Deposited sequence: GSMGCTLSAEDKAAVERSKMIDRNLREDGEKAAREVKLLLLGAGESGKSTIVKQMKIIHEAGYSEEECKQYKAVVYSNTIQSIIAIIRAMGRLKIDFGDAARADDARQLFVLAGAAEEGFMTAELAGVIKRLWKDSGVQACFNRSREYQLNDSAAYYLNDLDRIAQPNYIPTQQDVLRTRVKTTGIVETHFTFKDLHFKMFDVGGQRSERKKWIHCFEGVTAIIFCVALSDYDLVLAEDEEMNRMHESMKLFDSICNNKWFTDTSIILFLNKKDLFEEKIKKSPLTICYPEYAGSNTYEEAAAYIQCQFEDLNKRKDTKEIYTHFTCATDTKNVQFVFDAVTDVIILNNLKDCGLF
C-alpha cells in the first residue's frame, strides 16, 4: 500500500541512538455529543488492539447490564402513562406495579427469576410493544431491545456477560478518559472527552438521533458541534475523521420515520442509501475551507467489533499518509 511506502520515506529515526526502537506517537481525540458512541469506540480499541474482556472483566459489568435493562423497561412503562397507551392484556398492570415494587426496594441493578418473569411478560405485551415503537417520543436507552430480547439468557443464575453485552452497556462518562494502544507500530494516545498537538480527531454522530430530542433537535446540535470543531484553527493540520455511527439503528428506523423530521427540506426518498448520503453531505458541507481541509467520513456500528476494526484500519492509513511528519518519536 501507499501508506507503507509513504512511511518508509521517513529518516528521523536515523537521528536517534536507538531510532528503530523509538515509539512514534499519535494523539487522537474522540469528540461528539453525549451517547454518540465515544466510550464504545474506546472499548473496541481495547478489544481489538489489546487484551479482550477477561471472564472476570465481563463479570464486573453484570449489574450494569441489569441496571440498563431495568432502566429500559421502566422508561417504556412510564411512557405508556404519559402517552396514554393501554396494556394488551390488563393483567400486565399487576406486572407493571410489581416492576416498581422490586426496583424500589433494591440497592442496585439485580436480576431474579421473579423480576425476569415480570419484565418478560411486560416486554411481549402488545401495548408495551406499541409504546416501545414510539420511543422517539421519550428517552430510552438504545440498547433496550438488545437486552430485553435476550432477557432469558441474561436472567440465568450463572450469567456471564459476553463482550457484546459489555459493548452494549451505557456507562456515564465524567471527565477525560485516556487510553493507550499500539497499532501498525504507532503508539496511540486516545482521549475521550480542544487539545493543540492533536494528530487526528474522530467525531462521532448518532445517525439514529435524527428523530430524537423533540423538546433545535439532537442532529442539529451535533452539526453545530461539528461545525465548531471542524473549522477550529487548532485543527488545521489535524486529520478530521467523521464517524456516522449507529448505522444499524438508523437502517431500521429509516423505513419507519421520515428524515424530514430532522431536515424539513429533505426531498429524497426515505431509504437508507439516500438518507444516509444526505446526512453525510449536511455534515461535510459545514467545512468552511473546501480546498485546504478534507473530512474522512465512515459509516460505523461502534458495537460491531469487525466493522470498527475495518474502519480503524482505514483511519490509521489516513494518519500515516497525512500526519506522520508531525508525529514525534519517544
{"item": "In sequence order, the deposited-sequence ranges that have no modelled C-alpha atom", "value": "1 to 10, 204 to 215, 238 to 241"}
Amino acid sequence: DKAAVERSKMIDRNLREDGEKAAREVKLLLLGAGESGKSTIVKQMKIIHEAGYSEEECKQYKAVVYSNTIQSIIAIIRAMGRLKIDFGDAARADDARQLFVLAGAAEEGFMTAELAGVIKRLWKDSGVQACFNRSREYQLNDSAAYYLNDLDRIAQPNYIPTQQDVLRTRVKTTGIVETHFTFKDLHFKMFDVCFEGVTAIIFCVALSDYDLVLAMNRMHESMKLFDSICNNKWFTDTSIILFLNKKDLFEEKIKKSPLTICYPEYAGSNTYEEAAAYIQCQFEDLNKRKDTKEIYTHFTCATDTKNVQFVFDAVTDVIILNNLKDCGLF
From here on, numbers count along this sequence of modelled residues.
{"item": "Residue stretch of maximal mean CA temperature factor, 45 to 53 vs 65 to 73", "value": "45 to 53"}
{"item": "Entry-level comparison of average CA B-factors, 285 to 293 and 33 to 41, reporting the higher stretch", "value": "285 to 293"}
{"item": "Maximum C-alpha temperature factor, selected from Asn141, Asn245, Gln164, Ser228", "value": "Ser228"}
{"item": "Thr271 by Cα B-factor - lowest, middle or highest third of the modelled chain", "value": "middle"}
{"item": "CA B-factor ranking of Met216, expressed as a third of its chain", "value": "highest"}
{"item": "Cα B factor band for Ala93 (lowest, middle or highest third within the chain)", "value": "highest"}
{"item": "Chain-relative CA temperature factor third for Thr199", "value": "middle"}
{"item": "Chain third (lowest, middle, highest) by recorded CA B-factor, residue given as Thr169", "value": "lowest"}
